[PDB]
Amino acid sequence: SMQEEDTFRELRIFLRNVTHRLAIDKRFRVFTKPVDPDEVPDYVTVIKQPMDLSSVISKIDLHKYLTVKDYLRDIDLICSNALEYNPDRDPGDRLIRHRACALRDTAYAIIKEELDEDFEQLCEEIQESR
Ligand SMILES: CO[C@H]1CNC[C@@H](OCC2CCC(F)(F)CC2)[C@@H]1Nc1ncc(-c2cncc(C)c2)c2cc(C)c(=O)[nH]c12
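Residues numbered from 1 in each chain as written, not as in the entry; some residues may be left out. Heavy atoms only, no water.

- For this deposition, the record names X-ray crystallography as the technique by which the model was determined and cites 1.82 Å as its resolution.

Next comes the structure, spelled out in structure tokens:
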């Protein structure tokens, strides 16, 4: 319906705003675009489903997220991929793991403060009716 399309449009606006705020944070530059395969040639082999913030924006625009829960699954994926691909105690690995956890924590904190629970519940109920 018109009510439901308006709901999902608002969801997309909200998700773009959150994602933009993550993307402009200097700490999260490494997560803004897909990896350069010349920098990490084995990434395609090691990481089952790559994810990055530009891909998240594309998915928002393709109407791939019908709830904030679905969106957070991809944010979680960005983080979990980083913990998986960079496991070692070397400072480089520790830096990116810290940034990955910070990205995840920042997204969840923004959502905690700014997402109305009744809006999310409406999204979830529309999604489950399809
Ligand atoms: C197995 O590879 C890792 C070996 N240890 C050092 C790691 O690099 C640490 C950098 C990563 C980039 C930074 F900004 F976060 C600062 C710490 C290695 N891991 C990775 N190395 C390089 C990249 C990368 C990919 N494309 C473009 C650029 C400029 C850099 C990445 C990217 C991702 C997403 C990742 O998880 N690990 C990387």
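1. Observations concerning the overall build of the protein chain
At step 1: Secondary structure assignment for the protein chain yields six helices and zero strands.
At step 2: The principal-axis extents of the C-alpha atoms in the protein chain amount to approximately 50 × 30 × 25 Å.
At step 3: Within the protein chain, the fraction of its 130 residues that count as buried is 38%.
At step 4: Within the protein chain, contacts between residues separated by at least 24 positions form 73% of all contacts whose residues are at least 6 apart in sequence.
At step 5: When the accessible surface of the protein chain is totalled, it reaches about 8,300 Å², and 51% of it is carbon and sulfur. (Helix = DSSP H or I, 4+ residues; strand = E, 2+ residues; numbered from the N terminus. Buried < 20%, exposed > 50% of the residue type's maximum accessible area, 1.4 Å probe, protein only. Contact = heavy atoms within 4.5 Å. Areas by Shrake-Rupley, 256 points an atom, 1.4 Å probe, with all protein chains shown as cover.)

2. Side note on unusual backbone geometry
At step 1: Positioned with a positive phi, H63 is a non-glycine residue whose angle comes to about 65°.
At step 2: Tracing the sequence through the fold places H63 in the loop between α3 (53-61) and α4 (68-85).
At step 3: A residue is classified by how much of its surface remains accessible, and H63, at 43% relative accessible area, is partly exposed.

3. Examining the site of the ligand
At step 1: Contacts to the ligand come from 13 residues, most closely from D36, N86, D93, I96 and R99.
At step 2: Here a nitrogen atom of the ligand and a backbone polar atom of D36 are 3.1 Å apart.
At step 3: One of the side-chain N or O atoms of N86 is found 2.8 Å from an oxygen atom in the ligand.
At step 4: Computed on the free molecule, the ligand has an accessible area of 740 Å², of which 65% lies beneath the protein chains in the complex.
At step 5: Considering each element in turn, the shell around the ligand owes the most residues, five residues, to helix α5 (residues 91-114).
At step 6: Tallied by class, the residues present in the shell around the ligand amount to six nonpolar, two polar and five charged. (Near = heavy atom within 4 Å. Polar contact = N/O pair within 3.5 Å; in protein donor to acceptor, adjacent residues only side chain to side chain. Nonpolar A, V, L, I, M, F, W, Y, C, P; charged D, E, K, R; others polar.)

4. Thoughts on the layout of surface pockets
At step 1: Here the largest pocket is characterised by a volume of approximately 430 Å³.
At step 2: As for the largest pocket, its lining consists of 22 residues, and the residues nearest its centre are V30, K33, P34, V35 and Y43.
At step 3: Among the secondary structure elements, those contributing two or more residues to the lining of the largest pocket are α2 (43-46) and α4.
At step 4: When residues in the lining of the largest pocket are grouped by element, the largest group, four residues, is from α4.
At step 5: A per-class count over the lining of the largest pocket returns 13 nonpolar, four polar and five charged. (1 Å grid on protein atoms, 1.4 Å probe; cavity = no way out; pocket = protein on both sides within 12 Å on 5 of 7 lines; lining within 4 Å. Points joined across faces, edges and corners; volume = space filled by probe spheres on them.)

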